[PDB]
Structure formats: C-alpha cells, structure tokens
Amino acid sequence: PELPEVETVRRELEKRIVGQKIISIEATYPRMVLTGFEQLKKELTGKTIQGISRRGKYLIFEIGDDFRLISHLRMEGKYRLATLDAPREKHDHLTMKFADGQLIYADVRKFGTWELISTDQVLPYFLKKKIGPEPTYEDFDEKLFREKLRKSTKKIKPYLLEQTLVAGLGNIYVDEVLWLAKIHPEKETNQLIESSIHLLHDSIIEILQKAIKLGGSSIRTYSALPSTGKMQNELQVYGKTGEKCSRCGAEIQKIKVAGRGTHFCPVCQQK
C-alpha cells in the first residue's frame, strides 16, 4: 500500500482497537519482528492500545505509555479484525488477541516488518530513515522542495519514490501525480522550471488527499482491511496501458524506469 491506503487502515483500526487490552500475541512467522518476537510478546502482552499514528507509509501502534510498534506493510501486507475462532489463512503471520476479537497481520511476500521501540525513540527512528515531510500544505514546504530539485540530476520519478523529498508516494500515485502535473517520469529534476515545480508540489498534496478521502485505491477486492476504496475509479494512467488519456486522447504508454513499471501520456508528459 501507499500512504492513502495506510492512512485508511490507520483510521479504521483507530475506531476499533483503541482501548483494547492485548490478551496474548502469537506468531507463525516470528522473524518479521525485527526487534525480536519473544521480546515483543513479553513486553506487550497485557498492555492496552492507546492510539494509532502514521508517518509516511509506516503505521505506529501506541501501546501502553511507553511502547511504539512500527509496522510497515511493504507490498502486500494486510491487517484484519477477526473473531477469536477465525480459521487460519495461509499467509497469516502474527496476531494480537483481544477479549472479543483479534488483529491478524498477513503478508504473502513476507516483506512487511514490525519493530518495537520506545516513545522517545520514534522521532530518531524516522530521522535515521531520512523520511521527508508529510504531503500536507503545512508540512511540505515548496521552497525546500524546489531547492532540492534544482541541485539534482536524478530523474523525477525515482527521486520522488525515495520518500526523501516528500513521504508517501509509491508506484501508483507517483505515476498519477506526474500525469496530473504534466511531467515526464524520466525528466532530470534540475530541468524543472519553477511553475512546473509548483504544480507538482500542489498535485502531490491534492492527489494524496483525494485518495485518502476516497479510502484508497483497491486494485483488487480483498477479505481484509481496508474496506473497498473508490480511488481506483479516478486513476488516469496507472495500469491504463493502451487506453486513451482523458485530456488529449493519446494512448497511455508503459515503460520501465529505474526498474519500475511506469505509465504516462506521451503527449501531456513531454520527454
């Protein structure tokens, strides 16, 4: 998932598990707990979930007064709230059991991670990750963004995917943002002029906030969190190879850019 999908999960879990005491924790794939599964089980069993926050694509469970469980869902991670008698599904890896249900994490590709750290370690953790600002008008300063683009020869799509200029874009929304802002994904960032950088800055905020409002993009339907979103109905280029651009009618093309499938309009996004 990308930031809008993680935010959607965050909001739905916040409604439902805040206040819940963790009765037990079980793992069939303990190695995805990078700080140690038995250590996490000992520390969090019996504690109450107080909140769920997010930073970029990372979920942050706030558990007890002093613990933060930082969860990254990577490519395929999925949470669901299940009954206590729910049967195991093949790629379920971890569960937190409550008195009246359980929170199960599944991940086909086993890429997602859990790390238990203390409250005062959370900001240093994300500083060490070099995560850029949240994609809001308040936090995403166009002036610094512009200065970073001016001094780089990186291509704009891979630079945006780094999470360092701004947090939260992945392959779907980077393609969507660059189409909206009329910028080719291979454009070297030091060639962007000020008005293009302004449109790109605003398009990043607008696309991601719209996707949040619409509950994320469901490219397939799944029996887990979140509830089926509506943003997939608004995608203009991602996965639309061979369909016509809604602005100019040219066929959307797909190329490979720094190892990633890349969807763009060749008319609207001039090389």
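In case it trips you up, residue 1 is the first one in the sequence shown, and so on.
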Between 30 to 38 and 61 to 69 (mean CA B-factor, as deposited), the higher = 61 to 69
Looking only at C-alpha temperature factors in the entry, 49 to 57 or 231 to 239, the higher average sits in 231 to 239
Select one of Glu142, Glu176, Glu134, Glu76: the residue whose C-alpha shows the highest B-factor in the crystal structure entry.
-> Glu76
Can you pull the Cα B-factors for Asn171, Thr164, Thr113, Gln191 from the entry and say which is highest?
-> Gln191
Tell me, lowest, middle or highest third: where does the Cα B factor of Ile219 rank within its chain?
-> highest
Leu103 - which third its CA temperature factor falls in, relative to the rest of the chain = lowest
Comparing against every modelled residue in the chain, figure out the third that the C-alpha B-factor of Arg88 lands in (lowest, middle or highest).
-> highest
Split the chain's modelled residues into thirds by Cα B-factor; is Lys182 in the lowest, middle or highest one?
-> lowest
Is the Cα B-factor recorded for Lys151 in the lowest, middle or highest third of its chain?
-> highest
